[PDB]
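Undergrad: need a 3D model of the sequence below.
(chains A, B, C and D, ligands or ions: 5)
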Number of protein chains: 4
Amino acid sequence: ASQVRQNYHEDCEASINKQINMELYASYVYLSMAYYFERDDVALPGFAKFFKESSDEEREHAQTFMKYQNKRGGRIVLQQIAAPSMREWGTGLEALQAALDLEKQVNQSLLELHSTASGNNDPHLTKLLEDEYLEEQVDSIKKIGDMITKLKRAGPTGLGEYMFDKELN
Amino acid sequence: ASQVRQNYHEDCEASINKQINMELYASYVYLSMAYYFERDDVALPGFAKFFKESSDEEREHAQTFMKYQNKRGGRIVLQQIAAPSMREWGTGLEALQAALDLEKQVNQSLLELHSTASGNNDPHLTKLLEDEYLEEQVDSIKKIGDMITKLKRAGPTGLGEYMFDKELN
Amino acid sequence: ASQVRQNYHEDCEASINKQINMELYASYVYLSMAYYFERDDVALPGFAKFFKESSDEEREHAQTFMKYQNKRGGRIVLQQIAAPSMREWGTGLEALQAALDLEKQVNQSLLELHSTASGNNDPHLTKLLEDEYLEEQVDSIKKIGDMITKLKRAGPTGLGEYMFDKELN
Amino acid sequence: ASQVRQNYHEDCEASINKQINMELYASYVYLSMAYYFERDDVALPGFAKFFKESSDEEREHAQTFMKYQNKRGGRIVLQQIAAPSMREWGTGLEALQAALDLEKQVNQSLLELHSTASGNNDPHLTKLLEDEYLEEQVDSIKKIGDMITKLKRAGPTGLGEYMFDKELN
Ligand SMILES: [Cl-]
Ligand SMILES: [Mg+2]
Ligand SMILES: [Mg+2]
Ligand SMILES: [Mg+2]
Ligand SMILES: [Mg+2]
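TA: Numbering: from 1, shown residues only, chains lettered A, B, ... in the order given. Ligands and ions are numbered 1, 2, ... in the order given. You can find the structure just below:
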């Protein structure tokens, strides 16, 4: 084992590798959305910027798990990053709804990782998950939920979508 | 011939003079649009400003071709600048659609001159076209396409046109 | 077709989608290398920083192609990003040798795209490739070649690798 | 009991007293190392500085536990600080290896305290341990592991030790 490894269960190590891939996948979904909103026939620059920033944040979250794996003496195993399932994301509202679903899927995986860490009596890992992942995940879900409600109020299509996008920019 | 002339084909020289006239014509079209949008019964100051700036940019493009003709030792031949095809340009959307078509007509002319320059083995001229014209032309076409999509989303008439115009201003 | 599309061949559009994927793959390879060099049993922070920066630059290159696709009215079609071919990259020298080979593979792909663009008489695309890709690619290959020579001189293992890494940091 | 005491188990109080002593001992070990590296026949000022700083940090960790004991209404019971096990610490590498082992021994003790606190349903104490101790302990172990790898690469004796020490200074 690594000279640094202590109290680090193989199941936690393996689950962190799976979570790295999930965060990279989420980053790729948001990158797809960002550039979809820059198509000449879509032209929603506020949505584009929101998803660009979201993509960067998910990549940073993946990198924090990679750093964490090394800190604990685990070994990073990277796998293929699947392309998002659709080429086009529909209306701004449909993209936000897909993002909300994805954020909750990621949250569920993080909570399952927390359960694995707790069951293996790894408080360093439960602290990481609580402070660096679960907190931001709840804030992200709340933000997207607010945005969905605001967009339903404004529009969600036509002038209201145009105005909502401008406030988002 | 001019003491400076070297590798400069008469067909390229003549086509440059045609491009100068086309750019001056485009400048005149956009000047007409700019002041149409300042009529008391139109009153779209964002559209007016957009077309004023566009008119100035096309005049600058014409001047860069005039400077180029002199750099290569060709002789500038200026001709009449045709009146724009319309006295009144309709809605903001109709003006943008006319602008998109004009920008694509200009792009086609520039690409045809690029072909003439390539066929005459004139890389100084292909460089000029690529760097000083074709690049900005694609960016302009993309910008106007985005604007058309945004205006169709906002409006394209009534309150949405009013709001889109303000964002443009 | 898109309202903006002009002189943009479907084969060029498809090849741009391939290049986006290749750039994202290169970004992933360099990300893998960066964190390999942060393992507690590797501990080469100069190499880690070099590959982190390289990863970010390749992702930016991918994003510029995504923006380009939209500018021309093509449609981004993302593909799965393959896993890097190795979990462990060996010595610093072996990683640089792998990077040199990857940079030359990317260069070959860019030159093939350039040939496709030239054969389809698309000077906007040849300009993009020359100015935004081929130039930086030659500079990157020269930099890595220099680094390989310097590391062979210093080391390439032991104290020389330790000292070379410091200079890189 | 103290007027402030609430949900504070006597076993946790006693274990905090043990940890205070362990931290003071670690501080003394690192103080011994620091001055060993300032002997005229050792003369490794980077190692000396690293261990001086480490000694101060361990004393601060002990003081935070003393403050904590008082915050909860426990009573500080100090114990003799044992002499370090060696008068002479050998090579820089041997000292780092001894430090790694000591850091892991302290980590094990902190994890045992965490288990005691968790079993006694004391989340204020688990929070202290996670945030103020376990986090820095993993970072310290990773840093020392990196240093051991770097020193093995550089040297670990002779010129490599001289150069590694300079980088540490
Ligand atoms: Cl006329
Ligand atoms: Mg263990
Ligand atoms: Mg609606
Ligand atoms: Mg065409
Ligand atoms: Mg009580």
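Undergrad: number of nearby residues for the one residue in chain A that gets nearest to ligand 1?
TA: Relative to ligand 1, the nearest point of chain A is residue A:40 (32.1 Å; Cβ to the ion). Every residue, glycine included, has its C-beta placed from N, CA and C. Burial of residue A:40 is recorded as 22 neighbouring residues (other Cβ atoms under 10 Å in any protein chain shown).
Undergrad: dump the residue contacts of whichever residue of chain A sits closest to ligand 5.
TA: Of all residues in chain A, the one sitting closest to ligand 5 is residue A:123 (23.0 Å; Cβ to the ion). The contact partners of residue A:123, taken as Cβ atoms under 8 Å, 6 or more residues apart in numbering or on different chains, are D:111, D:114, D:118, D:126, D:129, D:130, D:134.
Undergrad: go again with 7 Å.
TA: Residue A:123 is in contact with D:114, D:126, D:130, D:134, counting by Cβ atoms under 7 Å, 6 or more residues apart in numbering or on different chains.
Undergrad: with residue A:41 instead?
TA: Shown here is residue A:41, whose contacts under the criterion Cβ under 7 Å, 6+ apart are B:149, C:2.
Undergrad: next one: it from residue B:153, what distance?
TA: Taking Cβ to Cβ, to the nearest Å as the criterion, residue A:41 is separated from residue B:153 by 10 Å.
Undergrad: report the buried residues of stretch A:106-125.
TA: By neighbour count with 16 or more other Cβ atoms under 10 Å in any protein chain shown, stretch A:106-125 contains the buried residues A:106-107, A:109-110, A:113-114, A:116-117, A:120, A:122-125.
Undergrad: anything in it near ligand 2?
TA: No. On the criterion Cβ under 5 Å from the ion, stretch A:106-125 is out of touch with ligand 2, staying 10.4 Å away.
Undergrad: using PDB, list the CA coordinates for that stretch.
TA: Taking only C-alpha atoms (Å, rounded to 0.1, in the frame of the first residue of the first chain), the coordinates of stretch A:106-125 have been written out as PDB:
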ATOM      1  CA  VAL A 106     -25.400  13.400  -8.600                       C
ATOM      2  CA  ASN A 107     -26.600  14.300  -5.100                       C
ATOM      3  CA  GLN A 108     -28.000  10.800  -4.700                       C
ATOM      4  CA  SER A 109     -24.600   9.300  -5.700                       C
ATOM      5  CA  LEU A 110     -22.800  11.600  -3.200                       C
ATOM      6  CA  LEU A 111     -25.100  10.600  -0.400                       C
ATOM      7  CA  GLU A 112     -24.500   6.900  -1.300                       C
ATOM      8  CA  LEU A 113     -20.700   7.600  -1.100                       C
ATOM      9  CA  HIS A 114     -21.300   9.200   2.300                       C
ATOM     10  CA  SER A 115     -23.100   6.100   3.500                       C
ATOM     11  CA  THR A 116     -20.100   4.000   2.300                       C
ATOM     12  CA  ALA A 117     -17.700   6.300   4.100                       C
ATOM     13  CA  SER A 118     -19.800   6.300   7.300                       C
ATOM     14  CA  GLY A 119     -20.200   2.500   7.300                       C
ATOM     15  CA  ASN A 120     -16.400   2.200   7.000                       C
ATOM     16  CA  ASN A 121     -15.800   4.700   9.800                       C
ATOM     17  CA  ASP A 122     -13.900   7.200   7.700                       C
ATOM     18  CA  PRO A 123     -14.600  10.700   9.100                       C
ATOM     19  CA  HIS A 124     -12.000  12.400   6.900                       C
ATOM     20  CA  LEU A 125     -14.100  11.300   3.900                       C
END
